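Asks:
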Amino acid sequence: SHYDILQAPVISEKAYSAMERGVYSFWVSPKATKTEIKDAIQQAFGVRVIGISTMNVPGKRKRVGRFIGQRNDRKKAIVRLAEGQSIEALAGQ
Amino acid sequence: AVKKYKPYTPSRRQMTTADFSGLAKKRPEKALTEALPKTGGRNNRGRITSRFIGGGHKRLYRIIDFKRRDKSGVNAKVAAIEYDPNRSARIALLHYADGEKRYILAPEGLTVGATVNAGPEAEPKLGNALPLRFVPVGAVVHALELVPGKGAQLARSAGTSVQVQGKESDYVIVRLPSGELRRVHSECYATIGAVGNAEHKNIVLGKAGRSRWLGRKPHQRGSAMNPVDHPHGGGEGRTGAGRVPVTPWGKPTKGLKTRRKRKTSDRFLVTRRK
Amino acid sequence: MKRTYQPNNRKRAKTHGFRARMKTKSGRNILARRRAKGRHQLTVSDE
RNA sequence: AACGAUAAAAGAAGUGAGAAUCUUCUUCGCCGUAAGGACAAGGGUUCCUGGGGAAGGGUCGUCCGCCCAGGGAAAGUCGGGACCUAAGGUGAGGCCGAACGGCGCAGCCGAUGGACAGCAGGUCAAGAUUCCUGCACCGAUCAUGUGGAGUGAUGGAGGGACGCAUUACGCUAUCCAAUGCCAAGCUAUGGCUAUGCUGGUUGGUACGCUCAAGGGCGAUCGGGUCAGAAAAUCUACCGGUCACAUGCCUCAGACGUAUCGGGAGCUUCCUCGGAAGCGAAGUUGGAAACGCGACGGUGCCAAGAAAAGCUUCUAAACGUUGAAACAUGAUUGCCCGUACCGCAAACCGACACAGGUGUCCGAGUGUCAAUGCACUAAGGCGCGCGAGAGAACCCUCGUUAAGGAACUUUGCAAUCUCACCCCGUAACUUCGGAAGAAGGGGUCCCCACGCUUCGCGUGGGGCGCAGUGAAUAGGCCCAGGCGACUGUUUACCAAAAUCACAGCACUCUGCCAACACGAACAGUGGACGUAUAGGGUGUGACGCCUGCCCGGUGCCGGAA
RNA sequence: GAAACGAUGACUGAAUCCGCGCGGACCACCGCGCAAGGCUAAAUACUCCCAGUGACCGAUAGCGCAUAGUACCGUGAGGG
Ligand SMILES: [Mg+2]
Ligand SMILES: [Mg+2]
Ligand SMILES: [Mg+2]
Ligand SMILES: [Mg+2]
Ligand SMILES: [Mg+2]
Ligand SMILES: [Mg+2]
Ligand SMILES: [Mg+2]
Ligand SMILES: [Mg+2]
Ligand SMILES: [Mg+2]
Ligand SMILES: [Mg+2]
Ligand SMILES: [Mg+2]
Ligand SMILES: [Mg+2]
Ligand SMILES: [Mg+2]
Ligand SMILES: [Mg+2]
Ligand SMILES: [Mg+2]
Ligand SMILES: [Mg+2]
Ligand SMILES: [Mg+2]
Ligand SMILES: [Mg+2]
Ligand SMILES: [Mg+2]
Ligand SMILES: [Mg+2]
Ligand SMILES: [Mg+2]
Ligand SMILES: [Mg+2]
Ligand SMILES: [Mg+2]
Ligand SMILES: [Mg+2]
Ligand SMILES: [Mg+2]
Ligand SMILES: [Mg+2]
Ligand SMILES: [Mg+2]
Ligand SMILES: [Mg+2]
Ligand SMILES: [Mg+2]
Ligand SMILES: [Mg+2]
Ligand SMILES: [Mg+2]
Ligand SMILES: [Mg+2]
Ligand SMILES: [Mg+2]
Ligand SMILES: [Mg+2]
Ligand SMILES: [Mg+2]
Ligand SMILES: [Mg+2]
Ligand SMILES: [Mg+2]
Ligand SMILES: [Mg+2]
Ligand SMILES: [Mg+2]
Ligand SMILES: [Mg+2]
Ligand SMILES: [Mg+2]
Ligand SMILES: [Mg+2]
Ligand SMILES: [Mg+2]
Ligand SMILES: [Mg+2]
Ligand SMILES: [Mg+2]
Ligand SMILES: [Mg+2]
Ligand SMILES: [Mg+2]
Ligand SMILES: [Mg+2]
Ligand SMILES: [Mg+2]
Ligand SMILES: [Mg+2]
Ligand SMILES: [Mg+2]
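Going down the list, the sequences are from chains A, B and C. For what it's worth, full-length UniProt numbering labels the leading residue of the first sequence as 2, then goes sequentially. For what it's worth, full-length UniProt numbering labels the leading residue of the second sequence as 2, then goes sequentially. For what it's worth, full-length UniProt numbering labels the leading residue of the third sequence as 1, then goes sequentially.
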């Protein structure tokens with residue numbers, strides 16, 4: 002359902018700085034429509050979104066011993082809200 | 002009659018070009034230009050069939066009607082005489098009081114601004130479209146069809162004439178540009194006059210190029226080829242056949258008749274072409 | 001000098017592709033024959 | 001043997017277990033229509049950060065395009081799709097065929113093309129017409145008002161809609177000049193003490209009676225059924241009518257004003273050197289596009305896509321107290337593509353390979369011009385062995401007494417010639433040419449004078465061996481053979497006298513044409529062509545011409 | 001072949017009970033047979049898979065693999 006769509010938050014110098022300007026960044030399910038993501042974030046956080054952007058991200062191909070393989074392809078979503086609305090569980094961070 | 006050229010490049014002496022000064026400078030009708038792609042002489046299985054075709058200027062088709070029975074009775078006027086690339090003949094535009102615009106082959110002499118009338122009741126003057134029987138004997142005519150309403154299949158290239166030898170059964174005895182005598186149903190339409198351009202036979206190509214501009218790839222002498230390639234191939238020099246002159250496929254050329262021996266049309270040919 | 005193999009994604013897919021191979025009995029016959037050999041690479045679209 | 005182009009290196013300093021190879025500094029050298037910059041195709045994390053050093057690197061590595069980890073890629077407006085059609089591929093029905101199958105109208109797929117709303121800036125260690133700032137735009141849905149009767153399709157018409165060469169007028173990008181403007185500081189080594197030197201010198205938006213070349217232009221009435229299946233204020237005919245010079249319309253760009261940026265640098269703090277803050281000027285003169293005004297002008301023959309969106313008209317329809325249309329406001333904004341290499345060490349070449357790879361951009365000085373040549377800016381690089389030696393011999397070059405083809409199969413090779421201006425120029429000819437034939441002169445600096453300027457002419461003067469002072473840069477002729485000519489060919493030993501060629505001839509072919517590909521009474525090429533056309537064969541510009549033999553053979557014709 | 005018999009592509013085409021078809025040209029006789037209408041398990045074949053066995057192999061042998069149709073080569077089929 003809703004909660005299924007949001008795999009994880011993005012953790013990195015970039016993303017923190019973004020939330021410090023009130024802009025948050027989530028690892029999403031690769032098939033997700035932007036509207037689906039928008040709605041999902043709203044329900045999960047009771048926050049009105051004014052802007053989204055997304056990006057499909059090919060997973061790094063790495064090797065373990067003789068075994069060459071690919072990590073899961075992902076999708077990154079960046080959202081910016083109105084009203085300087087924040088999200089607590091990820092703001093203190 | 003023809004344009005000539007001073008010899009300022011070697012292949013510019015012999016060269017000549019047609020006289021266009023009598024062609025009303027017009028783009029063809031938007032409602033009458035069709036798209037004509039080329040073919041290498043390749044057919045829907047992709048193989049060369051017609052041999053030595055390719056290149057040449059891009060061409061649009063200009064729809065013509067030959068069977069004028071659509072507009073029989075009513076008459077039009079000559080709007081212009083334009084250039085058509087895919088025909089030896091110049092063509093001309095028709096404006097009917099009816100309101101429709103049409104394209105018909107443009108006969109020798111027929112000037113812009115003239116009016117012309119199709120349908121059984123029409124004078125023996127240049128351009129009218131008459132059934133054959135209504136045509137006075139010995140007349141000079143072209144655009145003859147072989148079946149009433151099927152459309153003009155005879156006398157179409159520049160400067161060609163059909164001269165009605167005269168009536169007979171249901172049919173009319175007809176003289177073909179080849180010198181052949183044929184029987185044609187008198188119900189078949191026709192259009193009064195010689196075909197036009199006519200000086201077309203005299204133009205000189207001049208430079209290899211010209212062939213290419215007319216989409217004609219160079220034509221290969223068998224004698225140059227190899228045994229593997231063609232009957233006349235091989236030998237240790239310039240060689241003279243070494244057998245009867247023969248096509249790529251082996252059937253004799255030079256003299257061998259080819260028209261199918263048993264055929265329906267035969268009892269409509271009164272004299273062989275000669 | 002210019003060499004034989006000159007990469008083209010659309011070429012390769014349209015030529016050695018799965019849809020391509022399935023479009024004909026002989027290509028179907030490749031597919032089956034390959035499956036049988038236990039190839040990881042059934043077909044070019046597997047790359 | 002070799003360490004993969006002879007573009008080149010030197011010192012200091014740092015680091016480190018270890019340094020000719022890594023980092024920094026100072027120089028030196030090499031590319032600069034490129035060896036710089038930006039796309040596409042392809043590749044696939046190679047990008048950034050931090051670490052590593054077995055192997056990969058033709059040495060060495062502390063380094064790397066290698067190994068490990070973590071980060072990094074953001075779109076209503078760019079490209080693709082939710083739009084369009086081309087070749088082509090498909091294709092219910094339908095046409096053929098032992099089978100699998102081959103065709104095939106409409107429809108459909110199909111970009112390399114049509115269509116289509118966003119610009120200026122800023123900044124991560126790594127993204128940017130995507131994010132942030134600043135101000136626009138587009139469709140869609142709704143609300144409030146202007147509503148106050150039409151809306152107009154799956155069919156019609158208009159339109160989209162197209163070539164090559166050349167060229168007039170105006171402008172921009174952009175580059176040059178200067179005792180224009182602005183900012184900084186200095187006096188070198190004999191002089192300069194600024195009139196020297198260095199650097200910078202306007203991008204978007206809005207408005208404006210300012211300027212403005214160029215470019216686009218019929219209106220309406222009526223008639224004709226028969227044309228557009230039908231309809232029809234639409235279209236096409238026919239007829240009538242409307243003050244030719246033009247005005248009607250547009251405004252590339254310019255100027256102005258305002259405003260948003262940017263801007264040489266200045267400052268401050270500081271952590272193998274970055275962070276923020278601040279901000280001057282905006283001139284005059286000149287050059288100038290393949291870009292824009294533009295769907296311009298002229299000339300030519302080989303005669304130069306389609307469909308949708310768009311505009312217009314009815315059919316049907318539901319309406320006609322809510323029909324289009326407008327204005328403001330709100331709302332909304334899908335999918336995939338964006339990192340990096342991308343003339344190359346990241347693509348194709350088994351390699352970090354002297355090869356190959358499509359498009360755009362591609363500054364200055366000098367030079368008749370230039371994308372040529374030399375040097376150079378920005379930018380990029382010194383090509384991942386090094387050091388000494390200074391023999392034979394080998395390669396690539398410089399010069400060479402006297403002679404000058406005596407060499408040799410052959411002047412093979414190498415030299416001579418070399419640009420621009422003026423003078424001058426043969427046989428021969430198809431009167432175009434041969435022709436840059438041949439040959440001779442000139443070329444630099446100063447000064448005055450004249451003229452149409454960047455310049456040139458004239459005169460006089462000056463210096464050297466020499467003045468296209470270096471680089472780019474024809475040796476010529478006489479006479480044959482072959483082919484007329486431009487062209488074409490054996491990827492990787494032959495470029496020619498081969499092929500093709502315009503011209504010529506023979507012949508076949510009357511159109512379901514001959515001819516050709518075919519499982520085939522399918523379909524297709526020929527050709528949406530029609531004997532001034534089409535196939536096949538030979539000859540090969542042009543000129544003068546093209547003889548004798550029909551027994552054999554082959555073709556056409558004959559018939560007891 | 002003296003070529004019966006079945007089998008169809010083309011043309012043509014009879015009797016139904018004293019009738020019809022065969023018996024290796026063809027005739028008589030003597031024998032065997034009821035075409036042109038349909039289904040039918042069982043014994044037989046094979047071995048991807050499963051189990052047992054072996055004067056079969058034990059790491060160049062045995063399957064190509066002590067596992068992999070992988071690495072690698074090729075545009076591809078395919079090889080490996
Ligand atoms: Mg995206
Ligand atoms: Mg890795
Ligand atoms: Mg010929
Ligand atoms: Mg030969
Ligand atoms: Mg033969
Ligand atoms: Mg021969
Ligand atoms: Mg050595
Ligand atoms: Mg090297
Ligand atoms: Mg060296
Ligand atoms: Mg130390
Ligand atoms: Mg080095
Ligand atoms: Mg230092
Ligand atoms: Mg480059
Ligand atoms: Mg990618
Ligand atoms: Mg090493
Ligand atoms: Mg260390
Ligand atoms: Mg790196
Ligand atoms: Mg935006
Ligand atoms: Mg098909
Ligand atoms: Mg495209
Ligand atoms: Mg656009
Ligand atoms: Mg688009
Ligand atoms: Mg101009
Ligand atoms: Mg300018
Ligand atoms: Mg000065
Ligand atoms: Mg001094
Ligand atoms: Mg369509
Ligand atoms: Mg990029
Ligand atoms: Mg190689
Ligand atoms: Mg190297
Ligand atoms: Mg290379
Ligand atoms: Mg330039
Ligand atoms: Mg230059
Ligand atoms: Mg150069
Ligand atoms: Mg530099
Ligand atoms: Mg580089
Ligand atoms: Mg000498
Ligand atoms: Mg000498
Ligand atoms: Mg001699
Ligand atoms: Mg030589
Ligand atoms: Mg002369
Ligand atoms: Mg000379
Ligand atoms: Mg002297
Ligand atoms: Mg001199
Ligand atoms: Mg030279
Ligand atoms: Mg030649
Ligand atoms: Mg040549
Ligand atoms: Mg060769
Ligand atoms: Mg050669
Ligand atoms: Mg029988
Ligand atoms: Mg062992």
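Note that beta-carbon positions come from the ideal geometry of N, C-alpha and C, so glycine has one too.
Using 8 Å as the threshold, is the stretch 185 to 201 of chain B in touch with the stretch 104 to 116 of chain B, meaning 3 or more CB pairs across them?
Replies: With the cut-off at 8 Å, the stretch 185 to 201 of chain B and the stretch 104 to 116 of chain B touch.
Asks: By Cβ distance below 7 Å, which residues in the same chain neighbour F135/B in space, the five residues on each side in sequence not counted?
Replies: Here the set comprises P121.
Asks: With distances taken between CB atoms, is the gap from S89/B to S162/B smaller than 8 Å?
Replies: Not a contact, by the Cβ cut-off of 8 Å.
Asks: Compute the Euclidean distance between the alpha carbons of residue 1/B and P7/C, then round it to the nearest angstrom.
Replies: Look at the range of chain B in this structure, 2 to 275, and you will see that residue 1/B is not part of it.
Asks: On the DSSP bridge list, what partners appear for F68/A?
Replies: DSSP lists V65/A as partners of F68/A.
Asks: Have a look at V247/B and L94/B and give me their C-alpha separation to the nearest angstrom.
Replies: For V247/B and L94/B, the distance between alpha carbons rounds to 46 Å.
Asks: Between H58/B, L133/B, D99/B and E237/B, which has its C-alpha nearest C189/B's C-alpha?
Replies: The residue with the shortest Cα to Cα distance from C189/B is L133/B.
Asks: Counting Cβ pairs closer than 8 Å, one from the stretch 135 to 154 of chain B and one from the stretch 63 to 76 of chain B, do we hit at least three?
Replies: Touching, yes, given that three or more Cβ pairs across the two stretches are closer than 8 Å.
Asks: DSSP on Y104/B, reduced to helix/strand/coil?
Replies: Reduced to three states, the DSSP call for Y104/B is strand.
Asks: Roughly how many angstroms separate the alpha carbons of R19/C and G27/C, rounded to a whole number?
Replies: So the alpha carbons of these two residues sit roughly 9 Å apart.
Asks: From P228/B to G236/B, what distance separates their C-alpha atoms?
Replies: Approximately 9 Å between the Cα atoms of the pair.
Asks: With distances taken Cα to Cα, identify the nearest neighbour of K255/B among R244/B, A140/B, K264/B and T265/B.
Replies: The residue with the shortest Cα to Cα distance from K255/B is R244/B.
Asks: Out of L177/B, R184/B and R176/B, which one is the CA nearest neighbour of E169/B?
Replies: Answer by Cα proximity: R184/B.
Asks: Please state if the CB of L82/A and the CB of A45/A are separated by a distance shorter than 8 Å.
Replies: Their beta carbons are not under 8 Å apart, which means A45/A does not touch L82/A by this criterion.
Asks: Answer yes if the stretch 75 to 93 of chain A comes into contact with the stretch 14 to 34 of chain A, meaning at least three C-beta pairs across the two stretches below 8 Å, and no otherwise.
Replies: Short answer: they touch.
Asks: Look at the alpha carbon of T43/C and the alpha carbon of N73/A, and state the distance between them as a whole number of angstroms.
Replies: Taking the straight line from one Cα to the other gives about 22 Å.
Asks: Measure the beta-carbon distance from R60/B to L37/B and round it to whole angstroms, keeping in mind my assumption that it falls under 8 Å.
Replies: Confirmed, about 5 Å.
Asks: Whole angstroms is fine: what's the gap from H220/B's alpha carbon to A209/B's?
Replies: Their backbone Cα atoms lie some 11 Å apart in a straight line.
Asks: When the distance is taken between beta carbons, is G216/B closer than 8 Å to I54/B?
Replies: Contact: yes.
Asks: If you measure between the beta carbons of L24/B and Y84/B, is that distance less than 8 Å?
Replies: In this structure, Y84/B lies closer than 8 Å to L24/B by Cβ.
Asks: Return the CA-CA distance between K61/A and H58/B, expressed in angstroms with no decimal places.
Replies: Near 54 Å, if we compare the C-alpha coordinates of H58/B and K61/A.
Asks: Would you check if the distance between the CB atom of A191/B and the CB atom of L127/B is smaller than 8 Å?
Replies: In this structure, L127/B does not lie closer than 8 Å to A191/B by Cβ.
Asks: Are the beta-carbon atoms belonging to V138/B and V175/B less than 8 Å from one another?
Replies: No. Outside cutoff.
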